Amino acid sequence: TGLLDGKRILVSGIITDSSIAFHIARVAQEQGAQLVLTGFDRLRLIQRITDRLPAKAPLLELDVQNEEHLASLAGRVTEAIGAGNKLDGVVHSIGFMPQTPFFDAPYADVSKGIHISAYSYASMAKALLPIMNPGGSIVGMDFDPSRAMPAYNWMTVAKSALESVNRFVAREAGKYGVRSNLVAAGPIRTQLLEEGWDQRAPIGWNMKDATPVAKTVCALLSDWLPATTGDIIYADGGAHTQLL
């Protein structure tokens, strides 16, 4: 009798057992969801990580920069969940920005980072909306980019683009009766900038614990936020609401 009982959910972005996607997958299974997982490049390595989850789940290859992987994705998911079944949820937990810092980054690096971290949220929704049920939910991972900060410079730019992409994805998803939202998380250990979060957060922030973030994603995947779309839910201990 779980929050996601009977729901079929695709979870992308597992690379290690410290991945936010690993914790999202674990919490979703504990809550009764039937998962389909996607991985990039190191598929044998990813499969061994997915064996650590409480329940067995099929693992599909997905390089978001590969148009052939995107064109075949819905058919491959349909084979995994069975003909006649559709997804109730999609989790985008993918991000990358080449190490290149701000003025020295060539455009080839920035473009690759934006492709993977922002444009792919639209690519995944385009591929999967035709196999999603009404009342469905698409959730992506964000970090608040409204202010510039030292380090993560071009990744912050990619998150600003992702927030805008999410608002357009919501317009398309709405046609299918599907919601689209981002979870803006505080820093997770997957220094001064990081320590400031626990200081600002009225309820504190534990950088070593991804469970509050995973629970927030599951709340959006559930039927309990049915009138929220094109939006951002902050799972950051309330740090973004406080100056000092």
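In this text, residue numbers run from 1 along the sequence as written. So that the term is clear: the rigid core is the largest set of C-alpha atoms that superpose within 1.5 Å between two forms.
Engineer: Stretch 101-109 versus stretch 143-151: after rigid core alignment, which one is farther off in C-alpha RMS in 6 other deposited structures of this protein?
Structural biologist: Looking at 143-151 and 101-109 in 6 other deposited structures of this protein, the bigger mover is 101-109.
Engineer: What number of residues from the deposited sequence go unmodelled in the gap from residue 190 to residue 191, classed as none, 1 to 3, 4 to 9, or 10 or more?
Structural biologist: Gap size class: 10 or more residues without coordinates, per the record.
Engineer: Between residue 72 and residue 73, what class does the number of missing deposited residues fall in: none, 1 to 3, 4 to 9, or 10 or more?
Structural biologist: None; the chain is continuous from residue 72 to residue 73.
Engineer: Out of 148-156 and 167-175, which stretch has the higher average CA B-factor listed in the record?
Structural biologist: Comparing 148-156 with 167-175, the higher average CA B-factor belongs to 148-156.
Engineer: Using the B-factors recorded in the PDB entry, average over the C-alpha atoms of 73-81 and of 124-132, then report which stretch comes out higher.
Structural biologist: Mean CA B-factor is higher for 73-81.
Engineer: Of the choices 185, 27, 219, 207, which one's C-alpha carries the largest B-factor in the record?
Structural biologist: If I rank 185, 27, 219, 207 by C-alpha B-factor, first place goes to 207.
Engineer: Between 140, 89, 113, 101, where does the Cα B-factor run highest in the record?
Structural biologist: Among 140, 89, 113, 101, the highest C-alpha B-factor in the entry belongs to 101.
Engineer: Name the third of the chain's ranked CA B-factors that contains residue 199, choosing lowest, middle or highest.
Structural biologist: Ranked within chain, residue 199 CA B lands in the highest tercile.
Engineer: Against its chain's modelled residues, does residue 8's Cα B factor rank lowest, middle or highest third?
Structural biologist: It falls in the middle third of the chain.
Engineer: Based on the entry's values, in what third of the chain does the Cα temperature factor of residue 211 lie: lowest, middle or highest?
Structural biologist: As the PDB entry reports it, the C-alpha B-factor of residue 211 lands in the middle third of its chain.
Engineer: Going by the CA temperature factor in the PDB record, which third of the chain does residue 181 belong to: lowest, middle or highest?
Structural biologist: Ranked within chain, residue 181 CA B lands in the lowest tercile.
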